[PDB]
Amino acid sequence: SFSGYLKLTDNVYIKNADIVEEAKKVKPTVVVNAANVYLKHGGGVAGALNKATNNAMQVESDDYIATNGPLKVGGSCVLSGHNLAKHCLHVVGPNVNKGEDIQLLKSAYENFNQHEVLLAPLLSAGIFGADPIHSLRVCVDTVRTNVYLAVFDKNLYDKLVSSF
Ligand SMILES: COc1ccc([C@@H](Cc2nnn[nH]2)NC(=O)c2ncnc3[nH]ccc23)cc1
C-alpha cells in the first residue's frame, strides 16, 4: 500500500516522510529499525518506533538481548512489528562516531535481501555519523529486494534526489 514514492531504481523508492507515520498508514510486512547492538531504542528512528509501540518494542528487545546477547555491527534480528508492521527487522549499521568501520554498511544493507519488501530508513546516517549520500549509494548497490526509503528531513530528501 505504499504511495507518493519517487522511483530511484527498479527496486529502490524514496519519500520525504516520517517512518513511524508511514508504518501506521501502510502496516507493511517489514519495518526496518536503525538499531544499536544492544537494541536500546533511545533516539532517532529507534526511539521514535519504540515510542509508537508504547515501549512494547523495548520490552521485547530486552528479552531478546537477555537470551541471545548483543547483535554484531552489520547484523540483524527479526522481532515483532507490534502496531507498526508484521515484523521489525532491527539492523545495526556502523556508528562512524564510535570508530566503527564504514565498510560494515554494505553488510548491514545485505540483511534487507532476506525480505521481499521493506519500509526503511537510510542506515548509519543521522547520529551514526555516515554521509547519507554514501548510505543511499550503498543501499542502491546492495539491496535487490523492494525497499521503500523514508527520509525524515526535507532538505536532506531534496539533496539525496538531486544528487543521485
Ligand atoms: C542510527 O542510525 C540512524 C539512521 C538514520 C537516521 C535518520 C536519517 C535521516 N535524516 N533525515 N532524514 N533521514 N533518519 C531518521 O531519523 C528518520 N527517518 C525516517 N523517519 C523518521 N521518523 C523519526 C525519525 C526518522 C538517524 C539515525
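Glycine gets a Cβ as well: all are built from the backbone with ideal geometry, and neighbour counts include every protein chain shown. Quick note: the coordinates plus some simple rules give every number you see, no bench work behind them.
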Are any residues in the range 98-116 crowded, with 16+ Cβ neighbours inside 10 Å and within 29 Å of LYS27 (Cβ to Cβ), and if so, which ones? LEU105, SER107, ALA108, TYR109, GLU110, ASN111, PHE112, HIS115
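Pick out the one residue from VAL92, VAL73, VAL78 that is of a type outside the set (D, E, K, R) and more than 13 Å from the ligand (Cβ to nearest atom). Quick ask: steps written out before the conclusion?
Numbers: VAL92 fails: more than 13 Å from the ligand (Cβ to nearest atom); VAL73 fails: more than 13 Å from the ligand (Cβ to nearest atom).
Just one listed residue meets the conditions, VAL78.
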Do you know which residues across the range 95-107 are within 13 Å of the ligand (Cβ to nearest atom) and out of contact with any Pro (no Cβ under 7 Å at 6 or more places or on another chain)? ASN95, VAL96, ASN97, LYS98
Which members of the range 1-14 meet the condition of being over 14 Å from the mean Cα position of the chain (by Cα) and touching a residue at least 24 places away in the same chain (Cβ under 8 Å)? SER1, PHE2, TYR5, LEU6, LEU8, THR9, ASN11
Given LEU119, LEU156, which one is under 23 Å from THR29 (Cα atoms) and within 11 Å of the ligand (Cβ to nearest atom)? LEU119
Being of a type in the set (D, E, K, R) and either under 15 Å from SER124 (Cα atoms) or crowded, with 16+ Cβ neighbours inside 10 Å (or both) is the filter here, so list the residues in the range 19-39 that pass it. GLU22
Kindly provide the set of residues from the range 1-60 that are away from the ligand (no atom under 11 Å from the Cβ), in a loop (DSSP other than H, G, I, E, B) and small (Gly, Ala, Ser), ordered by number. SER1, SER3, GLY4
Quickly run through the range 108-149 and pick out the residues that are assigned to a helix (DSSP H, G or I) and more than 22 Å from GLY44 (Cα to Cα). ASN113, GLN114, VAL140, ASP141, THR142
